[PDB]
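**Q** Residue numbers (full-length UniProt numbering), protein chains in the order written: chain X, 22 to 281, 287 to 497; chain E, 22 to 281, 288 to 496; chain L, 22 to 261, 263 to 281, 287 to 497. Dropping a structure here in structure tokens format, bear with me for questions.
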Amino acid sequence: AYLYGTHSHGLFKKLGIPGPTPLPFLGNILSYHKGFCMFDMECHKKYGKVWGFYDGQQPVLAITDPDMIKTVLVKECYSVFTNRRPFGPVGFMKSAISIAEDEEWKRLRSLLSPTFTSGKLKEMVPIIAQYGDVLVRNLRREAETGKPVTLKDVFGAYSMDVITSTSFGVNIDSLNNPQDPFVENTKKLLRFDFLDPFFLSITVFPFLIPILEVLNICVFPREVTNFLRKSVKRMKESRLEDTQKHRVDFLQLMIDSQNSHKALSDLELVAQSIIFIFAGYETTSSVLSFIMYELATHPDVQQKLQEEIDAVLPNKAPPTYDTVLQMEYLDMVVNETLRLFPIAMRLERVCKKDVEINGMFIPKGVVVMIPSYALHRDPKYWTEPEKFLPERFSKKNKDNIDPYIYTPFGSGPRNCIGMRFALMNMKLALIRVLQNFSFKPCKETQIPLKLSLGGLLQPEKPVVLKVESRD
Amino acid sequence: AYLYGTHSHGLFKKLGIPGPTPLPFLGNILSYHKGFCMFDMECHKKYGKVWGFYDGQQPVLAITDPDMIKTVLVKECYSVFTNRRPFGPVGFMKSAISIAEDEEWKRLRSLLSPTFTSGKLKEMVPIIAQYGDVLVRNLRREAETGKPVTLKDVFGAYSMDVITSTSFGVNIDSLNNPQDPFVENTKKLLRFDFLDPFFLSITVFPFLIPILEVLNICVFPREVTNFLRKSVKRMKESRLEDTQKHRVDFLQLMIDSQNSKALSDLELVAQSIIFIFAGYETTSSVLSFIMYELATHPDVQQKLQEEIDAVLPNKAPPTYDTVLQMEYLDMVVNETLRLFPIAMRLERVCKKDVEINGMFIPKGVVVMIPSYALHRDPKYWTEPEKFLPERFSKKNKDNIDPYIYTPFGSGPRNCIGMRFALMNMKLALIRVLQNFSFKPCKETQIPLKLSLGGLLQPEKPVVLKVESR
Amino acid sequence: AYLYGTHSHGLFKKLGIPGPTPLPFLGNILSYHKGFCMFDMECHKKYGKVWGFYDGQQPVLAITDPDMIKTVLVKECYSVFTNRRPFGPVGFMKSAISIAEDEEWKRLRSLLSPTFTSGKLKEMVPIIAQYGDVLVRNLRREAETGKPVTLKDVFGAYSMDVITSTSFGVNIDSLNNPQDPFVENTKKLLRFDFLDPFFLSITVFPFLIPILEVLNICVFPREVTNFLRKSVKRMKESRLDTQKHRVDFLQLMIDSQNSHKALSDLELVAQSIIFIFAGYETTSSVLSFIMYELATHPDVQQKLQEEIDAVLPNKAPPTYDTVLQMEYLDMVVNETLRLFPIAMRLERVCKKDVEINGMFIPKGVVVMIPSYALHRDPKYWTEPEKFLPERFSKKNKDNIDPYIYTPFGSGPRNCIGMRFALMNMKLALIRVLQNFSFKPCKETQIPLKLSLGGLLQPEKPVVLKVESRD
Ligand code: HEM
Ligand code: HEM
Ligand code: HEM
Ligand SMILES: Cc1ncc2n1-c1ccc(Cl)cc1C(c1ccccc1F)=NC2
Ligand SMILES: Cc1ncc2n1-c1ccc(Cl)cc1C(c1ccccc1F)=NC2
Ligand SMILES: Cc1ncc2n1-c1ccc(Cl)cc1C(c1ccccc1F)=NC2
């Protein structure tokens, strides 16, 4: 992207922007020993408002100023900062919203938009909540042996359960049969760190893109894609001549959208389905494990929230859309877990053409990066950043929060499209389990929690906790 | 090759298997700073019995259990653990047994194992004994004129000498005639770290193969091999066919087994080249190591400096069946091979998804047996950094596990010329100290630091004072 | 190049040559954390007269013996050490003299040589001197405040001005007319570290060249050079109007085309481009370093100031002969270039197995002369860390070995632009020092830290306090 892949390491010196000294070829990849999080944290304090670094040959400029951020994510979204890091030849996956660029993306965003509206989310709630009953079901069985529960298993399965049932309408008990046709293939597909900036080695060695295109050597081969392409083949047609309708999954919502910009294709439809899995599986599972960790080790908050839930759903009353949005304190806790642990942890935009944003020149082909994780813990926005304090998100405390500093779902036209859905999904899980159980740490518990080194935040060791069937 | 060459640095943490945390793209190669062995060492002593690491993008799973190693090298060798690391486009050398994969490997390994019967190694010992007497004759060079002697020079030239006549039927003194186009061309050939996992850039950039293949970039050009190929083509076309000065060497044996589906001529030269790579620096290295151990541990040297004349007194031609006799020497060798397994590692590519013993191994992963770190594993050897030859002699040593001591590996895909290299070295070793003796020079390295590279070797070349007899 | 791009790390241990122990793939790249200079320095002390290391897969043999250096750079230049590192698909820039190899380079060097004579320099001086005036004006404005001056802003501007005027025969004020299309576009071109060994992943990924050649993937695309190329096509056809004819590098190269085979039209543009790479950052950097050295050594500065006044009294304008007269000026330039050779090192690929002065060198290896290290080697220089213009006095003539001291290389493939580069720097030097005095301020970087890259540069731009005179 940047300078046709040529040596770039003198760029931030020309531009007069501080940053770590690069090695030839590698740039600052060695600086990644502490991980993305600690790297960005270190750099922020050391270099200040703004700093450049090099992922191999790819220059990355990090911005912290809220007005600079707004310019990148919002004002100049469509004009200059429309895309993310460039991707390899992934075949038809090219037309997945997350890999789509420029006009293609723009079209695809506009088509996928009405699928994620609040109104149509309300209609999925029945299907999600039923796996909130399935979650507690499988989670009670461990609370009677009184043993350690690995939460990235019980939530992994829940994330999986919701995805399969909302993405394809395929209904499964994941924890109890991992040999189910779908689950094994989904988890196989899920092996690929598709959206990681180190998925291939484009950063170091950028020529990899043009070479692989021209040789049509595909790095996401038909073999991987086939199973779900056939499931969607036999799905579109088969169960959908029922007349009786019913279907409320993502598939149907997209199927329904194909008639009277514009016109979503079959292969396109499929690519959104796949991309939804990548977006939702490990992310949702992780936020859940992160939430329970904070709750289990803060028993005050747990009970306080635990009584707020019983106060609006008396008698473990089944959760409903309207009464989910009812719960302020539940919302304060999700937002705070995500403040500490923004699973993306970094937001990125390639700069399409030379530009001057709030005073600063940015050359074409650069990656403009917003360090979410670092900014979420920036003392110059939050008092006691390292401390988990659901209190910051009380409405007596909403103006103080800057939407361009708190960015767990990004911002602007290219933010998270399934934010509403991610938030609704996780809350229905939380509500159900918290109603029926209290969660407590034991010595088997990684305390304090260590983090994933890589690009996508995750507990370093699986979150393990002891569960009591309760009041 | 693993997960379509794609980012893989999530496996070992997603399988509970510990190991050093990898850098993006590099994986763990920064850890190679210590060398292959010293890495396997600190990893063993840290993560315990099983650990993974990443060679660039290539996920490498190291196993220490004898049962594991047995399932790998022996049980599942035909079905799961058939091949080593994939190779780049190498032309006709795809036929070399070391490069060949699956059943296509098997056909070859079949056509070959006859050639390595002890009933054929036997009739070979004359042609190689020739060089023992060439080695010692050379070696009296600077033993007599009085000066520190660097042993690699005379051991290198020796190992070179055996291979030439045994792989190609050509007797040369490589040290005295160093401009012989043969010695010239095979040393040109031995520049290539061919069997090294880092020969090319596969590990860190696994997309290299399909690219080099399609574009027909040759990594090992016909030029390199032209002189050997079109030499065999003269030793084997016009041949020793019209005449019958019937010689006993690897070349003729293969030639003969073409007149018994079969083996082609280029399939033939393919094997000869391989025997050089397999034979040359390994045979040299072990000798140097053995000589380090004796010179510095003088009591064991004399203990068979004329227990060597108790069998053949004195200065007798070491005929095959007199060399299998010396069981103490036999296991003096074994101890250097313990202390120094040249391979350092054993490696197999898991051809497809399986769970063996209690452990799951997904397709495309390298299962690696760290031969070195076992040979110095205190859990199996009292005083592991010892040089104590007879921890290996008698039915005293039914405790030697053929999975923990495997400096030639095990199962179908172990060292096919084990018996040859062992015979080669032993026979060489007799006709050196039965004429000389060695003292730690005023320049020798103690303790012996090794080479960081993929083929085990002394850091500095070994230097010893050599004496009269 | 080397052994078909195959693994090469075993070589130097084998040849009996010492050096830092490589890593798989990366060779000794991690040692560049120091930068080229400090790496060469520590290797020099640690390893001795000759050492070897690996730029990824690329073996590099470093040599220090003058006899050995004379052999590589001069004697076996045409036979064995004719080229630098290989390049890969760059389009019409293949015929750029710095990129050409073998027979093509010999032809280009021969065709360009008459352009770089001292005579043609003499007639160029009047043109390139009108930019010292612009320099003095530009600088004054920054000094007219009292705020510290980042020299790079004023020397960068100056270096730019001269090159685009000489190489493309135009007259612009890049500091004041930054949106002049020549300025924009020469700045575009200057983004590429064109001649840097790490321009591409070639050192670490040696198959890149053949892969890119067969697949016609261009690294220097042609939108990068379009404006400037098309400029030459509209500029030469306008001068021949056979009446007026400037003496710049463009004219001299058009002159050469008329009445061994003559310079092509695309070859002409190729050169003009390469002269920008060769002249822009180098001149800027050397000018900065000199000023750093004058401002920290006030005694030398003033001594130089009185020479300049005694030959050009009352701020007289420089001329070819009056520049060459200034002995101390020459010593000062030489001494800075000794401490700060911009190239940091000279390289030549070994085309063919040779024994040079008794040491075997295989085909494919880069032989490298560690210029930065040799300029600071105690064996040849007393207190090599000290700035001492006197090393280059007349009295101190042939204590300077011309294979030790190589700010401009040596032999047939040395700097073709040397005489010019020196004239150019001295011209500007004269004018700034006729008008100004330069003192450190709080913001100067003492001690000086050097760039880590392949083209020597101050790490922080040189900031100084600048006073007027009169
Ligand atoms: C589980 C918690 C989740 C978090 C923390 C999360 C966070 C994010 C973030 C930070 C981005 C990047 C936004 C930007 O660059 O400005 C993003 C993008 C995206 N997310 Fe999510 N997400 C989550 C779940 C989901 C789910 C369940 C879906 C739907 C299946 C989804 C669909 C997407 C899509 C499609 C994009 C790309 C938008 C585009 O390029 O047009 N996310 N998400
Ligand atoms: C000190 C001397 C030698 C040692 C320590 C040695 C050791 C080894 C080891 C450890 C292996 C791999 C075992 C495995 O992965 O299962 C091997 C493979 C091999 N060795 Fe040797 N070797 C030596 C000399 C020789 C000689 C002289 C030859 C023949 C001229 C030879 C031919 C081979 C071949 C052909 C293979 C692989 C064949 C196949 O994959 O089927 N080796 N050796
Ligand atoms: C003070 C500034 C300069 C310095 C220190 C400098 C130094 C050098 C050095 C060290 C080399 C390599 C010589 C070798 O390998 O032996 C070189 C080559 C070269 N320089 Fe310069 N140079 C400078 C300015 C210029 C200018 C202004 C031009 C032309 C306008 C120029 C044109 C070249 C060319 C064309 C080559 C390559 C010669 C060939 O391959 O035939 N240089 N220079
Ligand atoms: C889906 C999707 N499409 C585009 C994005 N994403 C995305 C969604 C959620 C999260 Cl937590 C990260 C990303 C990521 C992401 C960042 C680093 C590593 C892996 C990722 F998926 N990038 C933006
Ligand atoms: C022949 C052959 N084919 C496959 C192997 N080998 C092999 C044979 C003998 C030796 Cl002494 C090492 C190796 C090696 C080896 C390992 C690392 C670096 C160089 C090697 F030759 N072995 C695996
Ligand atoms: C123009 C040109 N053509 C060929 C050369 N050069 C050159 C000229 C001047 C300078 Cl100071 C360096 C070089 C360089 C050079 C070396 C390392 C990094 C950048 C360079 F321009 N090398 C030899």
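Ideal placement from N, C-alpha and C gives every residue a C-beta, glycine not left out.
With distances taken between CB atoms, is the gap from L483 of chain L to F302 of chain L smaller than 8 Å?
**A** Within the third sequence, residue 483 of chain L is the residue found at index 456, counting from 1. Within the third sequence, residue 302 of chain L is the residue found at index 275, counting from 1. Cβ atoms of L483 of chain L and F302 of chain L: not closer than 8 Å.
**Q** Beta-carbon of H28 of chain X versus every beta-carbon of chain E: anything under 8 Å?
**A** One-based indexing of the first sequence puts residue 28 of chain X at position 7. Judged by the 8 Å Cβ criterion, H28 of chain X is not in contact with chain E.
**Q** Rounded to whole angstroms, how far is the Cβ of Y432 of chain E from the Cβ of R375 of chain E, which I believe are closer than 8 Å?
**A** Stepping through the second sequence from its first residue, residue 432 of chain E is reached at position 405. Stepping through the second sequence from its first residue, residue 375 of chain E is reached at position 348. Not really, about 18 Å apart at Cβ, beyond 8 Å.
**Q** Between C58 of chain L and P397 of chain L, what straight-line distance do the alpha-carbon atoms span, to the nearest angstrom?
**A** Translated into the one-based positions of the third sequence, residue 58 of chain L becomes position 37. Translated into the one-based positions of the third sequence, residue 397 of chain L becomes position 370. Their backbone Cα atoms lie some 8 Å apart in a straight line.
**Q** Kindly indicate if chain L contains any beta-carbon less than 8 Å away from that of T224 of chain X.
**A** Walking along the first sequence from the start, residue 224 of chain X turns up at place 203. Not one chain L Cβ lies under 8 Å of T224 of chain X.
**Q** Hey, is the stretch 339-354 of chain E in contact with the stretch 379-399 of chain E, meaning 3+ C-beta pairs nearer than 8 Å?
**A** Segments in contact, no.
**Q** Given a cut-off of 8 Å, decide if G73 of chain L and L82 of chain L are closer than it, judged by their beta-carbon atoms.
**A** Position 61 of the third sequence, counted from the start, is the residue given in the question as residue 82 of chain L. Position 52 of the third sequence, counted from the start, is the residue given in the question as residue 73 of chain L. Yes, the Cβ-Cβ distance between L82 of chain L and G73 of chain L is below 8 Å.
**Q** Residues of the stretch 241-252 of chain X in Cβ contact with chain E at a cutoff of 8 Å, in chain order, please.
**A** Cβ contacts with chain E: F241, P242, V245.
**Q** Compare the beta carbon distance of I369 of chain L and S312 of chain L with 8 Å and say whether it is the shorter of the two.
**A** Looking up residue 369 of chain L in the third sequence gives position 342. Looking up residue 312 of chain L in the third sequence gives position 285. Closer than 8 Å, so yes.
**Q** Can you list, in chain order, the residues of the stretch 39-56 of chain L whose Cβ is nearer than 9 Å to any Cβ on chain X?
**A** So the close ones are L47, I50, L51, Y53, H54, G56.
**Q** Could you name the residues that DSSP lists as bridge partners for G481 of chain E?
**A** The count along the second sequence starts at 1 and reaches residue 481 of chain E at position 454. In DSSP, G481 of chain E forms no bridge with anything.
**Q** Listed in chain order, which residues of the stretch 295-311 of chain X have Cβ atoms closer than 7 Å to some Cβ of chain L?
**A** Residues: none.
**Q** Give every residue of the same chain whose Cβ lies closer than 7 Å to the Cβ of residue 283 of chain X, excluding the five residues on either side of it in the sequence, and list them in chain order.
**A** No coordinates exist for residue 283 of chain X; the numbering of chain X passes from 281 to 287 with nothing in between.
**Q** Between L:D326, L:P411, L:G436, which lies nearest to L373 of chain L when the distance is taken from Cα to Cα?
**A** Within the third sequence, residue 373 of chain L is the residue found at index 346, counting from 1. Cα-wise, what sits closest to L373 of chain L is L:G436.
**Q** Label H30 of chain L either buried or exposed according to how many other C-beta atoms from any shown protein chain fall within 10 Å of its C-beta, with 16 as the threshold for buried.
**A** Numbered from its first residue, the third sequence carries residue 30 of chain L at position 9. So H30 of chain L counts as buried.
**Q** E205 of chain L: buried (16+ other C-beta within 10 angstroms of its C-beta) or exposed?
**A** Taking the third sequence and counting its residues from 1, one reaches residue 205 of chain L at position 184. Its Cβ having fewer than 16 others within 10 Å, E205 of chain L is exposed.
**Q** Pull out every residue of the stretch 103-137 of chain X whose Cβ sits closer than 8 Å to any Cβ of chain E, in chain order.
**A** Residues: none.
**Q** Can you tell which of L:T346, L:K67, L:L415 has its C-alpha closest to the C-alpha of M145 of chain L?
**A** As a first step, residue 145 of chain L must be located in the third sequence, where it is residue number 124. Measuring from the Cα of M145 of chain L, the nearest candidate turns out to be L:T346.
**Q** If you pair each beta-carbon of the stretch 154-164 of chain L with each one of the stretch 120-127 of chain L, do three or more pairs fall below 8 Å?
**A** Taking 8 Å as the limit for Cβ pairs, the verdict is that the stretch 120-127 of chain L does not touch the stretch 154-164 of chain L.
**Q** For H402 of chain E, I'd like the list of residues in its chain whose CB is within less than 7 Å of its CB, leaving aside the five on either flank, ordered along the chain.
**A** Locating residue 402 of chain E in the second sequence gives position 375, where the first residue counts as 1. Only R365, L366, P368, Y432 meet the Cβ criterion.
**Q** Beta-carbon separation of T309 of chain X and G112 of chain X under 8 Å?
**A** Here residue 309 of chain X corresponds to residue number 283 of the first sequence, with the count starting at 1. Here residue 112 of chain X corresponds to residue number 91 of the first sequence, with the count starting at 1. Not closer than 8 Å, so no.
**Q** Quick one, are the C-beta atoms of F241 of chain X and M62 of chain X less than 8 Å apart?
**A** Taking the first sequence and counting its residues from 1, the one referred to as residue 241 of chain X is at position 220. Taking the first sequence and counting its residues from 1, the one referred to as residue 62 of chain X is at position 41. No. Outside cutoff.
**Q** Hey, would you say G481 of chain E sits closer than 8 Å to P218 of chain E, going by beta carbons?
**A** Locating residue 481 of chain E in the second sequence gives position 454, counting from the first residue. Locating residue 218 of chain E in the second sequence gives position 197, counting from the first residue. Cβ distance < 8 Å, so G481 of chain E and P218 of chain E count as in contact.
**Q** With DSSP run on the structure shown, which of helix, strand or coil describes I120 of chain X?
**A** Here residue 120 of chain X refers to the residue found at position 99 when the first sequence is read from its first residue. Three-state DSSP puts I120 of chain X in coil, outside helix and strand.
**Q** With 16 other CB atoms within 10 Å as the buried threshold, where does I149 of chain E fall?
**A** Here residue 149 of chain E corresponds to residue number 128 of the second sequence, with the count starting at 1. Per the 10 Å Cβ criterion, buried.
**Q** Does any CB atom of chain L fall closer than 8 Å to the CB of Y25 of chain X?
**A** As a position in the first sequence, residue 25 of chain X is number 4, starting the count at 1. For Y25 of chain X, the answer is yes, since a Cβ of chain L falls inside 8 Å of its Cβ.
**Q** For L272 of chain L, name the three-state secondary structure that DSSP assigns.
**A** Start at 1 with the first residue of the third sequence, and residue 272 of chain L comes out as number 250. It is helical.
**Q** What is the residue span of the beta strand (DSSP E) that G73 of chain L lies within?
**A** Within the third sequence, residue 73 of chain L is the residue found at index 52, counting from 1. That run of the beta strand (DSSP E) goes 71-76.
**Q** Run the proximity test for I388 of chain X: is its beta-carbon closer than 7 Å to any non-hydrogen atom belonging to ligand 1?
**A** Walking along the first sequence from the start, residue 388 of chain X turns up at place 362. No - ligand 1 has no heavy atom lying nearer than 7 Å to the Cβ of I388 of chain X.
**Q** Got a sec? Which residues, its chain only, sit under 6 Å from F189 of chain E by beta carbon, not counting five neighbours each side?
**A** Walking along the second sequence from the start, residue 189 of chain E turns up at place 168. Answer for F189 of chain E: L272, listed in chain order.
**Q** Going by the C-beta, is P397 of chain E closer than 7 Å to any heavy atom of ligand 1?
**A** What you label residue 397 of chain E is simply residue 370 of the second sequence in a count that begins at 1. No.
**Q** Indicate, with yes or no, if ligand 5 has a heavy atom lying under 7 Å from the CB of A370 of chain E.
**A** Taking the second sequence and counting its residues from 1, one reaches residue 370 of chain E at position 343. Yes, the beta carbon of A370 of chain E sits closer than 7 Å to at least one heavy atom of ligand 5.
**Q** Output yes or no for whether 8 Å exceeds the beta carbon distance between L479 of chain X and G56 of chain X.
**A** Against the first sequence, residue 479 of chain X aligns to sequence position 453. Against the first sequence, residue 56 of chain X aligns to sequence position 35. It is a contact, given that the beta carbons lie within the stated cut-off.
**Q** What does a CB cutoff of less than 7 Å around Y179 of chain E pick up in its chain, not counting 5 residues either side in sequence?
**A** By one-based count along the second sequence, residue 179 of chain E stands at place 158. If we look at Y179 of chain E and ignore the five residues flanking it on each side, its Cβ neighbours are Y152, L156, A455.
**Q** Could you tell me which chain L residues have their CB closer than 9 Å to the CB of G69 of chain X, listed as they occur along the chain?
**A** The residue you call residue 69 of chain X lines up with position 48 of the first sequence. Those within 9 Å of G69 of chain X in chain L number zero; the least Cβ separation is about 16 Å.
**Q** Do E362 of chain L and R446 of chain L count as a contact pair if the criterion is CB distance below 8 Å?
**A** The count along the third sequence starts at 1 and reaches residue 446 of chain L at position 419. The count along the third sequence starts at 1 and reaches residue 362 of chain L at position 335. It is not a contact, given that the beta carbons lie outside the stated cut-off.
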